[PDB]
Every structure is written in C-alpha cells, then in structure tokens.
$ cat my_file.txt   # compact mmCIF, C-alpha atoms
# COMPACT_ATOMS: atom_id res chain seq x y z
CA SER G 1 0.00 0.00 0.00
CA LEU G 2 1.80 0.92 -2.27
CA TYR G 3 5.12 1.99 -3.61
CA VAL G 4 6.54 0.70 -6.85
CA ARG G 5 9.72 1.15 -8.79
CA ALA G 6 9.00 2.19 -12.38
CA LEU G 7 10.94 0.00 -14.86
CA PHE G 8 10.39 2.26 -17.85
CA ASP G 9 10.45 5.96 -18.85
CA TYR G 10 7.04 7.57 -19.09
CA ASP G 11 6.34 10.70 -21.05
CA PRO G 12 2.63 11.60 -21.00
CA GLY G 13 -0.43 12.64 -16.08
CA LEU G 14 2.78 12.04 -14.16
CA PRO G 15 6.13 11.87 -15.97
CA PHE G 16 8.71 9.49 -14.51
CA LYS G 17 12.00 7.75 -15.34
CA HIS G 18 13.16 4.10 -15.14
CA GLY G 19 14.22 3.59 -11.53
CA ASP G 20 11.89 6.21 -9.95
CA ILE G 21 9.93 5.19 -6.85
CA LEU G 22 6.23 6.08 -7.13
CA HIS G 23 3.67 6.11 -4.38
CA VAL G 24 0.51 4.67 -5.97
CA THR G 25 -2.29 6.54 -4.22
CA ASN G 26 -5.19 4.89 -6.10
CA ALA G 27 -5.20 1.67 -8.15
CA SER G 28 -8.99 1.13 -8.46
CA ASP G 29 -9.09 1.79 -12.19
CA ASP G 30 -7.93 -1.13 -14.34
CA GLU G 31 -6.30 1.15 -16.93
CA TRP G 32 -4.92 4.07 -14.95
CA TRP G 33 -3.33 4.56 -11.52
CA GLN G 34 -2.98 7.79 -9.54
CA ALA G 35 0.58 8.15 -8.26
CA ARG G 36 2.64 10.56 -6.25
CA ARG G 37 6.34 10.05 -6.80
CA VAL G 38 8.55 9.89 -3.73
CA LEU G 39 11.42 12.06 -4.99
CA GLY G 40 -0.74 12.56 -11.53
CA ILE G 41 -2.01 9.69 -13.67
CA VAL G 42 0.15 6.72 -14.77
CA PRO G 43 -0.62 3.61 -16.83
CA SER G 44 -1.69 0.61 -14.73
CA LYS G 45 0.63 -2.38 -14.73
CA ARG G 46 -1.76 -4.34 -16.95
CA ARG G 47 -2.11 -1.48 -19.44
CA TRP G 48 1.65 -1.04 -19.83
CA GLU G 49 2.19 -4.78 -20.07
CA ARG G 50 -0.46 -4.93 -22.85
CA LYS G 51 1.39 -2.14 -24.74
CA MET G 52 4.75 -3.95 -24.41
CA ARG G 53 3.41 -7.43 -25.22
CA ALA G 54 1.89 -5.85 -28.36
CA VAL G 55 8.15 -7.23 -20.08
CA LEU G 56 9.30 -4.47 -17.69
CA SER G 57 6.51 -2.50 -16.02
CA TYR G 58 6.46 -1.87 -12.23
CA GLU G 59 8.21 -3.60 -9.26
CA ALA G 60 6.69 -3.31 -5.74
CA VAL G 61 9.20 -1.85 -3.21
CA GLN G 62 9.35 -1.01 0.53
CA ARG G 63 11.48 0.86 3.09
CA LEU G 64 14.29 -0.94 5.00
CA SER G 65 16.58 0.20 7.80
CA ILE G 66 19.95 -1.23 7.12
CA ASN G 67 22.94 -1.53 9.32
CA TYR G 68 25.74 -1.53 6.70
CA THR G 69 27.05 0.75 3.92
CA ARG G 70 25.68 -0.18 0.49
CA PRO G 71 27.90 -1.60 -2.27
CA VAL G 72 27.88 0.44 -5.52
CA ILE G 73 27.62 -1.06 -9.02
CA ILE G 74 27.87 1.35 -11.97
CA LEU G 75 26.93 -0.12 -15.36
CA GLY G 76 26.86 1.17 -18.93
CA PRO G 77 29.40 2.96 -21.07
CA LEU G 78 31.38 5.30 -18.87
CA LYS G 79 31.29 2.90 -15.91
CA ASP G 80 35.13 2.44 -15.94
CA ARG G 81 35.72 6.20 -16.02
CA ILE G 82 33.17 6.92 -13.28
CA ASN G 83 34.41 4.05 -11.03
CA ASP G 84 37.94 5.45 -11.44
CA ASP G 85 36.75 8.99 -10.58
CA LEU G 86 34.96 7.79 -7.43
CA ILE G 87 37.66 5.61 -5.89
CA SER G 88 40.49 8.10 -6.72
CA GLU G 89 38.75 11.29 -5.64
CA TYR G 90 36.98 9.74 -2.62
CA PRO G 91 39.31 7.07 -1.10
CA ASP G 92 37.81 7.66 2.29
CA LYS G 93 34.27 6.98 0.99
CA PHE G 94 34.87 3.89 -1.23
CA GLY G 95 36.63 0.61 -0.81
CA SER G 96 37.42 -2.16 -3.24
CA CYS G 97 37.43 -5.89 -2.56
CA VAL G 98 40.36 -8.21 -2.87
CA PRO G 99 39.35 -10.94 -5.36
CA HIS G 100 40.11 -14.67 -5.11
CA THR G 101 42.06 -16.61 -7.67
CA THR G 102 43.34 -20.14 -8.23
CA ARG G 103 46.33 -18.84 -10.18
CA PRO G 104 49.62 -19.36 -8.37
CA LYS G 105 50.96 -16.58 -6.20
CA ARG G 106 54.00 -14.99 -7.90
CA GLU G 107 57.17 -13.71 -6.26
CA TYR G 108 56.29 -10.27 -5.29
CA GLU G 109 52.65 -10.79 -4.50
CA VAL G 110 50.94 -10.56 -1.12
CA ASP G 111 48.02 -12.74 -0.10
CA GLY G 112 45.15 -10.57 1.04
CA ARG G 113 46.45 -7.53 -0.88
CA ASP G 114 46.78 -8.69 -4.50
CA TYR G 115 44.41 -11.69 -4.18
CA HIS G 116 43.13 -14.23 -1.76
CA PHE G 117 44.97 -17.19 -3.27
CA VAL G 118 43.16 -20.55 -3.42
CA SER G 119 45.44 -23.57 -3.68
CA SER G 120 42.97 -25.87 -5.38
CA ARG G 121 40.80 -25.24 -8.47
CA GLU G 122 38.37 -27.91 -7.26
CA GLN G 123 37.95 -26.05 -3.94
CA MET G 124 37.12 -22.76 -5.68
CA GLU G 125 34.57 -24.67 -7.88
CA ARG G 126 32.91 -26.01 -4.69
CA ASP G 127 32.79 -22.51 -3.27
CA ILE G 128 31.18 -21.12 -6.44
CA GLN G 129 28.55 -23.90 -6.30
CA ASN G 130 27.94 -23.03 -2.64
CA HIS G 131 27.15 -19.38 -3.54
CA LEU G 132 30.17 -17.94 -1.79
CA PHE G 133 30.84 -15.65 -4.84
CA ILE G 134 28.85 -12.79 -6.34
CA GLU G 135 30.70 -13.16 -9.65
CA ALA G 136 33.30 -15.56 -10.98
CA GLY G 137 35.09 -16.17 -14.26
CA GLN G 138 37.96 -17.90 -16.00
CA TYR G 139 41.23 -16.56 -17.48
CA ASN G 140 44.07 -18.71 -18.76
CA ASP G 141 42.31 -21.74 -17.26
CA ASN G 142 42.35 -20.32 -13.71
CA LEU G 143 39.34 -19.11 -11.76
CA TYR G 144 38.83 -15.61 -10.34
CA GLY G 145 35.97 -14.18 -8.35
CA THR G 146 34.64 -11.66 -5.88
CA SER G 147 33.42 -13.23 -2.65
CA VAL G 148 30.27 -12.33 -0.70
CA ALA G 149 32.45 -12.14 2.42
CA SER G 150 34.90 -9.62 0.89
CA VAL G 151 32.01 -7.35 -0.02
CA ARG G 152 30.40 -7.80 3.41
CA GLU G 153 33.68 -6.77 5.11
CA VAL G 154 33.76 -3.47 3.20
CA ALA G 155 30.07 -2.79 3.74
CA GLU G 156 30.28 -3.48 7.42
CA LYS G 157 33.31 -1.25 8.09
CA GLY G 158 31.39 1.69 6.65
CA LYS G 159 32.57 2.14 3.05
CA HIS G 160 30.77 1.80 -0.23
CA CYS G 161 32.27 -1.28 -2.00
CA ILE G 162 32.84 -0.13 -5.65
CA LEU G 163 32.31 -3.25 -7.73
CA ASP G 164 33.48 -3.90 -11.30
CA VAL G 165 30.97 -6.62 -11.96
CA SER G 166 28.25 -7.46 -14.44
CA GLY G 167 24.53 -7.15 -13.93
CA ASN G 168 24.08 -10.75 -12.73
CA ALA G 169 25.92 -9.83 -9.52
CA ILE G 170 23.10 -7.52 -8.39
CA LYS G 171 20.75 -10.42 -7.74
CA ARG G 172 23.50 -12.31 -5.86
CA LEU G 173 24.01 -9.34 -3.53
CA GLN G 174 20.24 -8.98 -2.88
CA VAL G 175 20.13 -12.64 -1.83
CA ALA G 176 23.05 -11.95 0.52
CA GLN G 177 21.11 -9.03 1.98
CA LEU G 178 23.77 -6.55 0.88
CA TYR G 179 21.56 -4.39 -1.33
CA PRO G 180 23.63 -2.44 -3.83
CA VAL G 181 23.08 0.98 -5.39
CA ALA G 182 22.97 -0.21 -9.05
CA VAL G 183 23.11 2.69 -11.45
CA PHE G 184 22.94 2.33 -15.23
CA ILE G 185 24.42 5.14 -17.25
CA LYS G 186 22.33 5.21 -20.43
CA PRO G 187 23.77 6.77 -23.59
CA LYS G 188 21.38 9.14 -25.41
CA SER G 189 22.67 8.30 -28.90
CA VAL G 190 25.64 7.09 -30.89
CA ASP G 191 26.62 10.78 -31.27
CA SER G 192 26.63 11.18 -27.50
CA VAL G 193 28.86 8.09 -27.05
CA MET G 194 31.33 9.64 -29.52
CA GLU G 195 31.11 13.08 -27.84
CA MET G 196 32.18 11.65 -24.49
CA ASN G 197 34.63 9.15 -25.91
CA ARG G 198 36.49 10.88 -28.75
CA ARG G 199 38.61 7.72 -28.95
CA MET G 200 36.06 5.54 -30.79
CA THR G 201 35.07 5.42 -34.45
CA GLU G 202 31.41 5.43 -35.54
CA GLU G 203 31.38 1.69 -35.72
CA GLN G 204 32.87 1.08 -32.28
CA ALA G 205 30.53 3.67 -30.72
CA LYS G 206 27.56 2.10 -32.50
CA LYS G 207 28.37 -1.35 -31.11
CA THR G 208 28.80 0.22 -27.64
CA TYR G 209 25.45 1.98 -27.99
CA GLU G 210 23.77 -1.29 -29.12
CA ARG G 211 25.29 -3.23 -26.25
CA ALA G 212 23.99 -0.66 -23.72
CA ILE G 213 20.43 -0.82 -25.05
CA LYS G 214 20.52 -4.61 -24.70
CA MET G 215 22.03 -4.41 -21.19
CA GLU G 216 19.27 -2.09 -20.02
CA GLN G 217 16.68 -4.57 -21.30
CA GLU G 218 18.41 -7.60 -19.72
CA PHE G 219 18.98 -6.09 -16.31
CA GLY G 220 16.31 -3.40 -16.28
CA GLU G 221 14.54 -4.89 -13.24
CA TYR G 222 17.67 -4.76 -11.13
CA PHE G 223 18.76 -1.14 -11.53
CA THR G 224 18.04 1.20 -8.63
CA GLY G 225 18.57 4.20 -10.91
CA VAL G 226 19.29 5.32 -14.47
CA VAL G 227 21.30 8.42 -15.26
CA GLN G 228 21.78 10.32 -18.53
CA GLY G 229 23.52 13.54 -19.42
CA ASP G 230 25.07 15.62 -22.18
CA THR G 231 28.48 15.85 -20.51
CA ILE G 232 30.59 13.59 -18.31
CA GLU G 233 30.36 16.23 -15.56
CA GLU G 234 26.53 16.20 -15.65
CA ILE G 235 26.57 12.39 -15.51
CA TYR G 236 29.07 12.33 -12.66
CA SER G 237 26.99 14.81 -10.61
CA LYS G 238 23.87 12.70 -11.12
CA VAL G 239 25.69 9.53 -10.05
CA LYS G 240 26.96 11.14 -6.81
CA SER G 241 23.47 12.56 -6.15
CA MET G 242 22.00 9.06 -6.63
CA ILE G 243 24.57 7.37 -4.40
CA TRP G 244 23.80 9.96 -1.67
CA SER G 245 20.03 9.61 -2.07
CA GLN G 246 20.02 5.83 -1.96
CA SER G 247 22.46 5.64 0.96
CA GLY G 248 20.00 5.52 3.86
CA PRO G 249 20.24 4.30 6.93
CA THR G 250 16.84 4.00 5.25
CA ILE G 251 16.63 2.60 1.70
CA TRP G 252 14.16 1.11 -0.75
CA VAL G 253 14.21 -2.60 -1.40
CA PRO G 254 12.10 -5.02 -3.32
CA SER G 255 8.81 -5.93 -1.60
CA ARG S 1 44.69 -6.28 -11.91
CA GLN S 2 45.35 -7.30 -15.50
CA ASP S 3 43.87 -10.78 -15.20
CA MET S 4 40.53 -9.48 -13.87
CA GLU S 5 40.13 -7.34 -17.01
CA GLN S 6 40.22 -10.51 -19.10
CA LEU S 7 37.63 -12.89 -17.60
CA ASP S 8 35.12 -15.16 -19.30
CA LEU S 9 32.31 -15.06 -16.75
CA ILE S 10 30.75 -18.21 -15.38
CA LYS S 11 27.06 -18.34 -14.61
CA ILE S 12 26.27 -18.94 -10.95
CA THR S 13 23.39 -21.47 -10.63
CA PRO S 14 20.56 -21.10 -9.72
$ encode --input "my_file.txt" --output "structure tokens"
Amino acid sequence: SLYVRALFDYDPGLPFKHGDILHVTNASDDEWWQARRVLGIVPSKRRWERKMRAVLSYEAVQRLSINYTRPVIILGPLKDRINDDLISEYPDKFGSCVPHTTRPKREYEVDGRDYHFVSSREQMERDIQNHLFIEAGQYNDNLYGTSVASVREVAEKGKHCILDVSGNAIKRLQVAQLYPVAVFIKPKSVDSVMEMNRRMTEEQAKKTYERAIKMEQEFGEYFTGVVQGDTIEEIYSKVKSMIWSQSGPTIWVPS
Amino acid sequence: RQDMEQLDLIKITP
C-alpha cells in the first residue's frame, strides 16, 4: 500500500523515469493509476504490459533500515571512467574488494592484498557452487571471483564497495542481503557516445550503444537508478546525487 | 589487476 519502482520511462499525467519510486495513491481503475512520486495519472501495470506485449513494467518496493554501507555497481558505457573517478577522488568513501584466484601466487605478490589465493581449483569450484561468490570467471584456465564475504567486510566497516561486476551480480548481492546501489548510465545516442569518448570510431561507438540498449533490457529490473547527461560532468553529478540519495540508513528494497 | 580485465564469466546457478 503501495510503492513501486518504475521500470520504464514515461512521457505523458505524471512523468517518470526508469528507476523512480512512485507512491501509488489509487489503483482502483484497471487502466490508470494515480501516483505521487517519492522524490498525476500513470498507466496501470496491466495497461503497460499490454502495450509492451503488443516485459518491464512496475516492481513493488518497501522501506528498510539497514545496518551496513551499500555496495555500488555502476553499469553502462562510462562505468570504468566513473568508477575510477569515485575511488580516486573519494578514497575515504569507497573501498574495493580483494578478489580470489586459483592462479599461483607470484614472487612479489601478497596474499590478502593482491588476491586471496586458493590452492585448489576444485575447492574454488565447490565454493562457487555453494554461492560464496557474487561473480566468478575464467582466465588462462584459472578461476577468479569476488566473494560475498569480501564485499560484506567493506560494507560493514562503513565504506561503499565499488564493484566492477556485471549485472548478474546484483541479484546475488540482494540474496546476501547486501543491497547495492545499481546505477545504469544510459547513452542518449551514438553521437553522445562519440562526444564523451572521442577515442572511438562510428562503428565502435555504434556497437557500444547497441550493447547498452541490450544491457538495459536484460537487467532493467535490477537497476536502482538510471542516469543520462550531455556531458561527463553532468553524468558524474547525477551519479553522486544518486549514491547519496540511496544511501540511507533508510533505503528502498524489493517488496 | 590485468587478469581481472580478461575474464570469461561463469554463470552462478541457480
């Protein structure tokens, strides 16, 4: 009774963006809801789902008091640049995890600083099957991954764990009860991608643009926010604003 | 970490 996260942009009536939390003040009408927007008229869930079937519509959400600092996952083109900005400019606000690997420790490496080294590939496989990792992968036949416990340690000491992970990790963290701020940075156009990345050609930028549209579709239920902008500085402001807003002690979580 | 930039991700069941 009744707050929902909108999973689409709506341009009518109450405008809203993918990620916005709406207070639905009246849902009696099958086609149209009245809604408030926890910073008008909006399509009902069934109406929007009919339009899209012709599916991301609304997700019910609720308040939670948490007792840890939320991990941060930035997705989309520009994520590497923004993650770099955050951890470098704000080292006292963000922490990173130390990943695990089965690759052998090399001469100048330090366990617990470079990696948590795992002596047996079979043991790391068991741990992955036992859901001890939020993300794992292979390189040169060795396994690598970011553990639930490493993220929990950062969250519990009071820093935001900046995670370079894919969208499938968001779900894993929700299950672990370490709800992340998950922000997708959505490009406006291929032109915009080129504007803010004068490195790429208009074939590379097009592929990047394409990949982002698909990512938003695939993981659109899991984002807690979506940001857009015409400059990197506008984007970066909006990301910091979103991190602040979604920091709690009080936060919105799926119902 | 160079190696982490080069991963083929494995799906975590379920």
$ closest_residue --input "my_file.txt" --among "G:29, G:202, G:125, G:210" --to "residue G:144" --atoms "all atoms listed in the file"
G:125
$ interface_residues --input "my_file.txt" --of "chain G" --to "chain S" --cutoff "6 Å" --atoms "all atoms listed in the file" --output "list in words"
residues 136, 137, 138 and 139 of chain G
$ write_last_selection --input "my_file.txt" --atoms "C-alpha atoms" --output "PDB file, in the frame of the given file"
ATOM      1  CA  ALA G 136      33.300 -15.560 -10.980  1.00  0.00           C
ATOM      2  CA  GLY G 137      35.090 -16.170 -14.260  1.00  0.00           C
ATOM      3  CA  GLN G 138      37.960 -17.900 -16.000  1.00  0.00           C
ATOM      4  CA  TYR G 139      41.230 -16.560 -17.480  1.00  0.00           C
TER       5      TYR G 139
END
$ atom_distance --input "my_file.txt" --atom1 "atom CA of residue G:101" --atom2 "atom CA of residue G:143"
5.5 Å
$ atom_distance --input "my_file.txt" --atom1 "atom CA of residue G:27" --atom2 "atom CA of residue G:255"
17.2 Å
$ residues_around --input "my_file.txt" --residues "stretch 212-226 of chain G" --least-positions-apart "6" --cutoff "7 Å" --atoms "all atoms listed in the file" --output "compact mmCIF listing (two decimals) with C-alpha atoms, in the coordinates of the input"
# COMPACT_ATOMS: atom_id res chain seq x y z
CA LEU G 7 10.94 0.00 -14.86
CA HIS G 18 13.16 4.10 -15.14
CA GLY G 19 14.22 3.59 -11.53
CA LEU G 56 9.30 -4.47 -17.69
CA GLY G 76 26.86 1.17 -18.93
CA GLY G 167 24.53 -7.15 -13.93
CA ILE G 170 23.10 -7.52 -8.39
CA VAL G 181 23.08 0.98 -5.39
CA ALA G 182 22.97 -0.21 -9.05
CA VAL G 183 23.11 2.69 -11.45
CA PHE G 184 22.94 2.33 -15.23
CA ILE G 185 24.42 5.14 -17.25
CA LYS G 186 22.33 5.21 -20.43
$ closest_residue --input "my_file.txt" --among "G:23, G:86, G:118, G:254" --to "residue G:74" --atoms "all atoms listed in the file"
G:86
$ atom_distance --input "my_file.txt" --atom1 "atom CA of residue G:5" --atom2 "atom CA of residue G:21"
4.5 Å
$ residues_around --input "my_file.txt" --residues "stretch 192-197 of chain G" --least-positions-apart "5" --cutoff "12 Å" --atoms "all atoms listed in the file" --output "short mmCIF file (atom, residue, chain, number, x, y, z; two decimals) with C-alpha atoms, in the coordinates of the input"
data_model
loop_
_atom_site.label_atom_id
_atom_site.label_comp_id
_atom_site.auth_asym_id
_atom_site.auth_seq_id
_atom_site.Cartn_x
_atom_site.Cartn_y
_atom_site.Cartn_z
CA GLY G 76 26.86 1.17 -18.93
CA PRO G 77 29.40 2.96 -21.07
CA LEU G 78 31.38 5.30 -18.87
CA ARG G 81 35.72 6.20 -16.02
CA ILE G 185 24.42 5.14 -17.25
CA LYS G 186 22.33 5.21 -20.43
CA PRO G 187 23.77 6.77 -23.59
CA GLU G 202 31.41 5.43 -35.54
CA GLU G 203 31.38 1.69 -35.72
CA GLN G 204 32.87 1.08 -32.28
CA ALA G 205 30.53 3.67 -30.72
CA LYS G 206 27.56 2.10 -32.50
CA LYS G 207 28.37 -1.35 -31.11
CA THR G 208 28.80 0.22 -27.64
CA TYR G 209 25.45 1.98 -27.99
CA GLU G 210 23.77 -1.29 -29.12
CA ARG G 211 25.29 -3.23 -26.25
CA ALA G 212 23.99 -0.66 -23.72
CA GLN G 228 21.78 10.32 -18.53
CA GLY G 229 23.52 13.54 -19.42
CA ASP G 230 25.07 15.62 -22.18
CA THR G 231 28.48 15.85 -20.51
CA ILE G 232 30.59 13.59 -18.31
CA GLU G 233 30.36 16.23 -15.56
CA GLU G 234 26.53 16.20 -15.65
CA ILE G 235 26.57 12.39 -15.51
#
$ build_atoms --input "my_file.txt" --residues "stretch 11-24 of chain G" --atoms "N, CA, C and O atoms" --output "short mmCIF file (atom, residue, chain, number, x, y, z; two decimals), in the coordinates of the input"
data_model
loop_
_atom_site.label_atom_id
_atom_site.label_comp_id
_atom_site.auth_asym_id
_atom_site.auth_seq_id
_atom_site.Cartn_x
_atom_site.Cartn_y
_atom_site.Cartn_z
N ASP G 11 6.50 9.35 -20.58
CA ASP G 11 6.34 10.70 -21.05
C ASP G 11 4.87 10.85 -21.46
O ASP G 11 4.46 10.33 -22.50
N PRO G 12 4.05 11.49 -20.61
CA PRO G 12 2.63 11.60 -21.00
C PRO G 12 2.36 12.78 -21.93
O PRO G 12 1.39 12.74 -22.71
N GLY G 13 -1.42 13.73 -15.95
CA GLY G 13 -0.43 12.64 -16.08
C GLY G 13 0.90 12.94 -15.44
O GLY G 13 1.35 14.09 -15.44
N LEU G 14 1.54 11.90 -14.90
CA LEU G 14 2.78 12.04 -14.16
C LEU G 14 3.95 11.48 -14.95
O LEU G 14 4.02 10.27 -15.17
N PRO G 15 4.89 12.35 -15.36
CA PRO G 15 6.13 11.87 -15.97
C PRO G 15 7.00 11.17 -14.93
O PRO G 15 7.02 11.57 -13.74
N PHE G 16 7.70 10.12 -15.36
CA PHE G 16 8.71 9.49 -14.51
C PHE G 16 9.79 8.79 -15.34
O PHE G 16 9.65 8.63 -16.57
N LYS G 17 10.87 8.42 -14.68
CA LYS G 17 12.00 7.75 -15.34
C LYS G 17 12.22 6.35 -14.76
O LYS G 17 11.81 6.07 -13.66
N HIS G 18 12.79 5.46 -15.57
CA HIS G 18 13.16 4.10 -15.14
C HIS G 18 13.95 4.23 -13.85
O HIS G 18 14.91 4.99 -13.80
N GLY G 19 13.53 3.51 -12.81
CA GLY G 19 14.22 3.59 -11.53
C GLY G 19 13.48 4.40 -10.48
O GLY G 19 13.69 4.17 -9.30
N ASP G 20 12.63 5.34 -10.91
CA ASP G 20 11.89 6.21 -9.95
C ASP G 20 10.96 5.41 -9.03
O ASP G 20 10.33 4.43 -9.45
N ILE G 21 10.89 5.79 -7.76
CA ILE G 21 9.93 5.19 -6.85
C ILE G 21 8.71 6.10 -6.88
O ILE G 21 8.83 7.35 -6.84
N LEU G 22 7.56 5.45 -7.02
CA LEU G 22 6.23 6.08 -7.13
C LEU G 22 5.39 5.59 -5.97
O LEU G 22 5.35 4.39 -5.67
N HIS G 23 4.69 6.50 -5.31
CA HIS G 23 3.67 6.11 -4.38
C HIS G 23 2.35 6.05 -5.14
O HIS G 23 1.92 7.07 -5.67
N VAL G 24 1.74 4.86 -5.21
CA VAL G 24 0.51 4.67 -5.97
C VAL G 24 -0.61 4.93 -4.99
O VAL G 24 -0.87 4.11 -4.10
#
